[PDB]
8 protein chains.
Amino acid sequence: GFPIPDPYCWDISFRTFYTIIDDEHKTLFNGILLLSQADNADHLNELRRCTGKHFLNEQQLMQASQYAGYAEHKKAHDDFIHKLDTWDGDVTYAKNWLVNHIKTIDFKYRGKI
Amino acid sequence: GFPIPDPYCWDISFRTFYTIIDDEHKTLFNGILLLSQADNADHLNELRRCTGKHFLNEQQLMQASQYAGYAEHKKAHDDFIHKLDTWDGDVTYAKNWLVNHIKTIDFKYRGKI
Amino acid sequence: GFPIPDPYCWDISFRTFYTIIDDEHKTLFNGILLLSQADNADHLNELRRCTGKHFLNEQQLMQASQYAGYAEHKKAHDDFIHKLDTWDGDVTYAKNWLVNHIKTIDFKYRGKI
Amino acid sequence: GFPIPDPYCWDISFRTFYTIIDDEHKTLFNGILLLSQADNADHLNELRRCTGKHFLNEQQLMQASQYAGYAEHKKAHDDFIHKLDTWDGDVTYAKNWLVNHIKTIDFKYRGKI
Amino acid sequence: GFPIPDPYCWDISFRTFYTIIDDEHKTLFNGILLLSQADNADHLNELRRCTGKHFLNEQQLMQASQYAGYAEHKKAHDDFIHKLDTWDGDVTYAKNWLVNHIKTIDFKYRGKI
Amino acid sequence: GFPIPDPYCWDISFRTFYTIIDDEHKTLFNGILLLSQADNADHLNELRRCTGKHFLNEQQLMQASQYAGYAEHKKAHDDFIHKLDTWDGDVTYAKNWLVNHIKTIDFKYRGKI
Amino acid sequence: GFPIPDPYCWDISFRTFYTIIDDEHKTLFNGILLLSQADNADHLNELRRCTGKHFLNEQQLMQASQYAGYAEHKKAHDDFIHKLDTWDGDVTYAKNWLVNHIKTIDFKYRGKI
Amino acid sequence: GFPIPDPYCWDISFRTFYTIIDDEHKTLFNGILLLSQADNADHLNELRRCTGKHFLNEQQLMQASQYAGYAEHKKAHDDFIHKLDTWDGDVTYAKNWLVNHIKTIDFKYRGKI
């Protein structure tokens, strides 16, 4: 269980050392930051697009090395997409989800993909 | 319910702001315009090729961000392909279909893909 | 002197037999038709973007087979860009230039690239 | 003079309508925010990598449509890189430079590339 | 029912006007020509590789425009692969099959893909 | 049944004449060599990543020419992945498996893909 | 002096072990055989397109490994293009030139690219 | 002065954190080990191909982020190629050069590209 950065922006503690992945993650941080300022549709579309794109790219990256933890990782991703598709305004959940997802599930593939 | 441009050619009111998508749409406008001048096989092949290519590309673009409205959008596309594969010479239907498809279904993904 | 279509849209007489080239060409017809409707910045941008992109892509196709007429063709394209970048509103010139460019200069690469 | 966001993160007012460009831009906001938190080599590397990559990619997008403002834009980008390669810690300059670059120089290519 | 070229090499009567497709077809002609000179394994491997590659590429090309005649065309291809995988030395069959396949089935997609 | 190179590193007797394939194989040799020095997780992750990547790439290469021996070859690959996912420290098995796999199963596709 | 095949088609003695290169080479044999049948513009176009494309692609393969014989090889290719661009109908020269080019100059890059 | 591995193979101390770079580096260790076993043309070709390809690819990675140390790094690589193109059999030099190149010059781009 990890601290929540305030302002809710990416920092180097989240580095995975996959620069594409890090740069995509910076966009998910910003997406949740916007929602945290104004819970509207422009902001949710922005987070949703970036989330869908990042999860699919990262999924491809895992598949390229036939990663053993893919299926568990894809199921995590798909549950979060689902929250976003039924958004409830729960920004705290999202701030939390992303921090733990990166620092636990994404950190797990390092060196394996 | 939108006006039908006369001559039946693309205009900037159809811009989606995805330049690839706009350029592909210009070819569907021209395809229906040819048919409207001469309902023959060279012209239907031309529209059919451009339609099949555009729908698949746009479908890929939607898939890249895991778009929530994909399945409804693909079903729309597939119904129109089907009309083209059983062409009946109904050019008015086609002039209409395309205008509404862009201005309603395609305009819906803007900002999300 | 080739006939100028009316409406100024692409027709199958312009076919080069390269489907990507033909699809790009349709966007150049459309750009000149919009300017003929309203000589403004939006329309000139649309045409200028599509012209720049088509000229570059067709140049790349030429280079891929080390086409012997490349230099002369590139020079023809660059001269038209200049005209678009110093636009004086002469739509008639543009309408003519495109019809003659396709049917005499683009048609000469058929079978060689 | 445009307002400087606080927190210094991207917002939808910076939208260019090119999703890849906007996603890159978010990483430049983030790089300058990290430096504002701690002026060190890690943070400067992160910003400098993301700036180098975004400038190159946006230059390639410009070239693909033979954008007429390419030279001047490239020169603006190269001048900023120089500032990053001779970094003196002036975060205020950087914060300003990015906001003005996006809203005045990047915004001028919209519709042309 | 078409003539069999002697020597069994491609000629311009087989042009489909898809240069990639034509160049791949030239390799199938050569493959059958080798077998016709020496029915051995080096020669069958050579034809088999080129055949498998060409059929898959051409299948992709058909899929890119959602070609209506794909399934019939793929079934043709797959039957010929199968003959090659159970080769019987019947070179006349192969000389024949290829000529008709191109001039009837492949000529059918022209203008549609 | 082939000799095991000592030191357990690739040599030109393993050349398949597909340079991509050879270069990937060099990484599997090194992976087993590390494990042979220290049976730890950094080393198994390294072999596992390289193995998964190589098997998928080689599988793609086979698929591109519709290789007849694909399914048998993929089943071989998938069994070895499975050993690696349930590693038992049996380095001798692995030194052996790889030598025979290349010199028998991989050597079989030469000239066919 | 290597033997000149009759019919002037590629055979497995010309194998370079690079499947894309060998497949391109087959199209150069074919281009010279067509000219030997009928010295016309169609045939010369076919050969000239395939020669330009093969020379460029093989040059790109050379460059990808920073091949030390690149300059000399490129010069050999450019000299042949010149001969095709100043075509005098000397098919015998062409037949010889290709056999010697492959077996002495192309064969020297084997294992180095 | 860094230690020279024995056997002269890559180990995880050489990790750059760029998986493609690390996989290429393994092929350079292998090339120098083969030469240490037998100083012949086959082995020198293998090393020289892998060195040329790795240097080019790593140069392209550097350029993609407009890496400020590009020029100096390229010069280091070009000097080694020269040594390989004027090979005198000094394997000791090579063994040293690679260890120092990776651990001092390649390591300096980490986080910047």
# chains A, B, ... in the order shown; residues from 1 in each chain; ligands from 1
$ closest_atom_pairs --of "chain D" --to "chain H" --cutoff "6 Å" --atoms "only C-alpha atoms" --output "Markdown table"
| residue | atom | partner | partner_atom | distance |
| --- | --- | --- | --- | --- |
| D:45 | CA | H:112 | CA | 5.4 |
| D:49 | CA | H:112 | CA | 4.9 |
| D:52 | CA | H:65 | CA | 4.5 |
| D:53 | CA | H:65 | CA | 4.2 |
$ write_last_selection --atoms "C-alpha atoms" --output "tab-separated table (two decimals), in the first residue's frame"
chain	number	residue	atom	x	y	z
D	45	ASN	CA	16.96	13.53	-18.15
D	49	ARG	CA	14.35	12.62	-23.40
D	52	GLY	CA	13.81	15.35	-27.86
D	53	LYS	CA	11.37	12.62	-28.81
$ atom_distance --atom1 "atom CA of residue C:46" --atom2 "atom CA of residue B:33"
20.1 Å
$ residues_around --residues "residue B:13" --least-positions-apart "4" --cutoff "12 Å" --atoms "only C-alpha atoms" --output "list in words"
residues 2, 3, 4, 5, 9, 17, 22, 99, 102, 103 and 107 of chain B; 34, 42 and 43 of chain C
$ atom_distance --atom1 "atom CA of residue F:98" --atom2 "atom CA of residue F:54"
12.3 Å
$ select_by_dssp --residues "chain G" --states "helix (DSSP H, G or I)" --output "NGL selection string"
:G and (12-14 or 19-37 or 41-63 or 70-85 or 91-109)
$ residues_around --residues "residue A:20" --least-positions-apart "4" --cutoff "12 Å" --atoms "only C-alpha atoms" --output "ChimeraX atom specification"
/A:15-16,24-27,53-54,57-58,61 /D:23-24,27,49-50,53 /H:18,111,113
$ closest_residue --among "B:78, B:14, B:35, B:8" --to "residue B:104" --atoms "only C-alpha atoms"
B:14
$ atom_distance --atom1 "atom CA of residue D:76" --atom2 "atom CA of residue D:39"
23.6 Å
$ residues_around --residues "residue C:75" --least-positions-apart "4" --cutoff "12 Å" --atoms "only C-alpha atoms" --output "list in words"
residues 55, 56, 59, 69, 70, 71, 79, 80, 81, 82, 101 and 105 of chain C
$ write_last_selection --atoms "C-alpha atoms" --output "PDB file, in the first residue's frame"
ATOM      1  CA  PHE C  55       3.159  14.645 -53.578  1.00  0.00           C
ATOM      2  CA  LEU C  56       5.380  13.157 -50.856  1.00  0.00           C
ATOM      3  CA  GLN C  59       7.576  10.697 -54.635  1.00  0.00           C
ATOM      4  CA  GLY C  69      11.570  10.468 -64.210  1.00  0.00           C
ATOM      5  CA  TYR C  70      11.669  11.280 -60.492  1.00  0.00           C
ATOM      6  CA  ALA C  71      13.507  14.622 -60.689  1.00  0.00           C
ATOM      7  CA  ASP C  79       5.979  24.211 -58.566  1.00  0.00           C
ATOM      8  CA  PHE C  80       2.334  23.489 -57.711  1.00  0.00           C
ATOM      9  CA  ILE C  81       3.026  23.699 -53.952  1.00  0.00           C
ATOM     10  CA  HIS C  82       4.575  27.096 -54.545  1.00  0.00           C
ATOM     11  CA  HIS C 101      -0.778  16.621 -64.186  1.00  0.00           C
ATOM     12  CA  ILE C 105       2.765  13.266 -65.853  1.00  0.00           C
TER      13      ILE C 105
END
